[PDB]
Ligand SMILES: Nc1ncnc2c1ncn2[C@@H]1O[C@H](COP(=O)(O)OP(=O)(O)O)[C@@H](O)[C@H]1O
Ligand SMILES: Nc1ncnc2c1ncn2[C@@H]1O[C@H](COP(=O)(O)OP(=O)(O)O)[C@@H](O)[C@H]1O
Ligand SMILES: Nc1ncnc2c1ncn2[C@@H]1O[C@H](COP(=O)(O)OP(=O)(O)O)[C@@H](O)[C@H]1O
């Protein structure tokens, strides 16, 4: 019926109105201090005043570092932008890593804008172009004006096109008996389809049929749009949308990333400031999440030191699972969590703790409940002592072969013999390493 | 086609209770690995879960890629199976993360249901009106069957279809509305007056009768990666074949995911998960493993099967040794299938199956000698010797491989250990690691 | 304009100095560091005089001791209209530009040309537009009654003004500005007529205004190179601009300067974390600092006797000695208890946080124990913990709860060294299992 | 991109189930009355009917009095008319709907007496076939509470 | 209550808009960023 993949039993942090977390609610078990710290961070993000705050989730493997960030993302909701990222995404073969980090920084700041649209829409009744006096003069186009007749409900208008508008009229291949939609902001034309006032079944081009639009031909409407600053940056970097030559040829060329200069970002910032000053736009700071932050090298860390001190940058969350690991790109320095101390001095570190046996048992119970399976209590205890023996992830991932082997014997419950069979078929890292050490030819 | 290495494996050879037969579908031996592969096959066929990593580990010449090919054969059609090697990730146009994202997204199919109209009728009248420069084209088509008569209006693409493989007013054609296909079934009118050129020596066919227009529900499968490449830019369908899809942005993938969820909600399209198979996964950098560790946790993720023939060895991109050449983070979230070496009876049955696949008849004593050499040397050497022995047998004009042909093939073509012995006995003849060689025989 | 939420150096509005370049104990958001602030004031007077060029100043000291704060104060006290290019050390390792070309662009972005010009404009309020049109659109006639709060007039309009008024449709009641030479008509808005909203202009209709343009040398270098347009100033693909057009711009700028048509303004190029540059960058800077069209370069670093990148030896501040011969060095010092308390009080007033006195003493004690930035980061988390229990003033236990929840560097190192068996070491060995 | 017609149908589950049952109701070739409570409910249905290009007419409170004569006359004469959009108390007071049997009560839960008058309009003498009264509803909503109140009023007015 | 409307890209432009025998419309889109 539904699909589950390593998550989606987690819905949020699951706190009270005072920020005190429960023992088990919202898909989480334990981790009370980390969930309270993440709730404080979520409240700080919702305060919408701070710029460039950074926390780091420090812990071991399989302890719930990605789950806390996903719970933060679901606690904020789809209204606030959230940009997930891996540490290996910053190395591109098209542009430098500093520009990619700047791009992902600007991709986490949103904006909500109420925008006015001037529209001419209706059914085309007549389309008559008139010719120029000399068409082969070299300078000046073939035609001079085109007369179009638009008919809508309770209205009929006649328009005289600029030829520049007529090029975008003709490129979507409109004709007599066609419903169109002209947006006066950019000159873009949408061909809705044939009007249903005429015949229907006599066509051979799988078209759709639309009635006449309600209201007058000329309209002004209010569309509420959501956007990021990075969208404006890539719109002004590669200009498409106009009716001139350059914006027309920009749609056909291959798109490529470029180093967007700071001057364009300052101009976009000034225009956005003018927009919010008028009472039109509203600014939404967001979250940038970077998992496996130890893959970053020293140059990206040194640029992060500069980028966190700007007055635009959002809240950035990091994660790592290294104790005393040398920083990549350096040769001798050893720093905690693979993160250099000059950036460590600007972070807030949140510890994540391992679990006990009963916590592993109830996590396995919730995972078996979510994946729609029925597990016997003795099999649950065997899975719990297996999870304490080897790993939590190994006990979690062996539930579905247990379900398949229980289904193949025409049964719904999972029993001890099924768990023993799944133990015999699939191995873990420790038994595989013990096979590797006492091996003949690098088995 | 041609006889390949794994052309004899059609399926996995399993029962209805997932109990593997000792010899079925071209696979012998390896009972527990085939049982686990059948469990993985059932987990893929259910399609309920996503992002499970399976590792197949063992010594060389054991049956890892043979097991993967058996899984791919038992998978059936309309389920994608993206099989790549480890060295294909490194490119000069795409990053490692982008190439791995494309490899992940090539393994999820979207099954889309569409409605179409089929028209089969005798062509009566074709009127085509074109401009002077040939740009604007429109027209009318009067088509008939034995019972009705319909006049249709034509578009640009339909007239382009009619102009190619020209129809000449009296033929019988077929029309698909959703696909836009033109298929000339034949000719029924049998006109006497014919121009010297053209000439529809199309096979005679009766005029179709009954309803002119018929409705049909059709279905077709596309991949997620094709949707992103098509929606990436203006000419994405050319980039699907030229491979010029350089670093598709994330907003495209988010909008495609939202539209796929919308199509699932409206009942138009369904999602079929597939298998991504990485052969020789140990040839990957640590950044690729770090990306895989987060890409396996998403909803739109396939079942990832990796194959390794390595023991404890140095991980690429770092300076420490790891089990199977893989870091412990990726080894934590994976379940491992272990393959084991063969006996003489299994090797004899494998050589019998490979001799039956290459259509080479073998004697009993030649089979015993091949079994003995495949016990001493590797299995692949004695497998490769069969075609050479067959060619030697055809040179002496007898279509049955005897013992002396295998002896001559053993003498003519060398092993690894024998070649190592000959190199180590005559080290001065070859160029060593320091570049010193003795060419002169004085 | 210039939207900004709160920055780490947003409380600094300039160097606090008197007329004798003496530093006040607390002025314009900067406290402490008297000698460094006086030296930066002397550097500011060097920049404002503008009679010398190509002087390199190095700011070196311990981390979190007023270096970027000093650079931000110098940039704020410089004011507007003077170029200031603040880059990082890792920003020049590009994929489409070489390191020397990126350094040349960053050098030439900091020298400006000041050009004054005059233009005439018609800014007014449209009373009435009358348009007479023919059947075929051959001859158009136009009357425009337009006014200010001071005058009133009627204009006969030619055909191109009719076309320019039909496009960008001007109705009665609007306030518009017309340029006669170029034909650019801008709608400023609507007037105060209830029957956006702006004020009807005063004075003469035909005004003559002088505008001042400051154009960087890099902009003229991009424009004069014919292979790319001005859009490379925004898209960023300038792509290895040749030296011949740089020579032509360098000659023409001096030609304009001699004729009095333009003026030279120099700026400041700030390189934050200068130790991350390569040796080939330092060798380029050693010769690029001796040009006439060279700004004042301020470099900030915190390394002490480290390895120079691109070599195998160790050098002071991560910089080779030939570069350090060409520089004068300003040295910062660590802070006391009172200055840390004053900095934390300023940051408390900046983020609109109300603090009790004992909480401020606890923050000062944990600031002189661990770090300045750690106490500067706890002060906004403690406000949210205060707002969770519905009170405005942050008390002592509110700081203690945030101290308990959020760790620092030394405690994290202590806990990692205590439980290192649960983490990944350098060799990649970890233990995930709890038992045995 | 325009507002999609199928996205307008599929975003409402009541309209979704209505579109499912109309497929078999038109495949059998039947006569359908559909009731509504508001003007805006019948200001949205004919857009869905234009997708199906069904023969449909609408009677409401703002209709002129003479049109109610010839619309009923066309109902009792023409058999090719399919969809009858009706208000609550307009077509449910003494109107002859004798050749119709399938009534679709979209939200007829405001009072049981109006619904009683409504199904007295079609279930009348002269009907030649079986009458199936459909009642579609969203479960677990305020309609549950109002259906509780309506059932209570039904039992009260039926016993008394 | 809220009827779905035209899903269109946000237009980052300034043009000639009306402050409300034929009507002449002319392409007049410009960029808000000025050099
Ligand atoms: N408190 C918890 N409750 C339920 N599941 C948890 C909890 N903590 C961790 N998990 C599970 O453990 C797995 C590993 O957690 P994750 O944060 O993704 O990796 P890591 O902890 O290694 O960073 C996840 O799939 C998550 O579902
Ligand atoms: N059970 C089997 N059935 C058929 N062929 C087999 C079997 N086991 C091994 N082989 C042969 O041995 C070889 C195994 O090598 P390969 O498929 O590359 O996997 P691996 O490298 O893991 O051994 C194949 O060429 C295959 O033809
Ligand atoms: N004299 C000062 N006046 C006000 N704030 C200061 C002063 N010195 C340091 N700070 C604060 O201390 C923090 C560290 O300063 P900064 O120079 O950016 O660090 P670093 O020395 O590592 O570059 C800054 O956020 C700044 O606000």
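Chain B is numbered as in Swiss-Prot; shown residues: 18-459, in order.
According to its header, this structure was worked out by electron microscopy, 3.2 Å.
Just so you know, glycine gets a Cβ as well, placed from its N, Cα and C.
Here's what Swiss-Prot has on this protein:
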{"type": "BINDING", "residues": "B:75, B:76, B:77, B:78, B:79, B:80, B:81, B:82", "note": "ATP binding site"}
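Feature map: Swiss-Prot annotations on the structure.
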residue : record           : Cβ contacts under 8 Å, 6 or more apart
B:75    : ATP binding site : B:81, B:326, B:355, B:356, B:357
B:76    : ATP binding site : B:326, B:356, B:358
B:77    : ATP binding site : B:326, B:395
B:78    : ATP binding site : B:395, B:396, B:397
B:79    : ATP binding site : B:326, B:356, B:357, B:358, B:359
B:80    : ATP binding site : B:44, B:46, B:47, B:50, B:356
B:82    : ATP binding site : B:23, B:296, B:324
Filtered binding-site residues - B:75, B:76, B:79 - keeping only those with Cβ under 8 Å from chain A: B:75, B:76
Three-class DSSP secondary structure - residue B:77 (ATP binding site): coil
Sequence-ordered binding-site residues from B:76, B:78, B:79, B:80 with Cβ under 6 Å of an atom of ligand 2: B:78, B:79, B:80
Output field, ATP shell: CB within 8 Å of site CB centroid, site B:75, B:76, B:77, B:78, B:79, B:80, B:81, B:82 dropped: B:83, B:326, B:356
Residue B:81 (ATP binding site), number of other Cβ atoms within 10 Å: 23
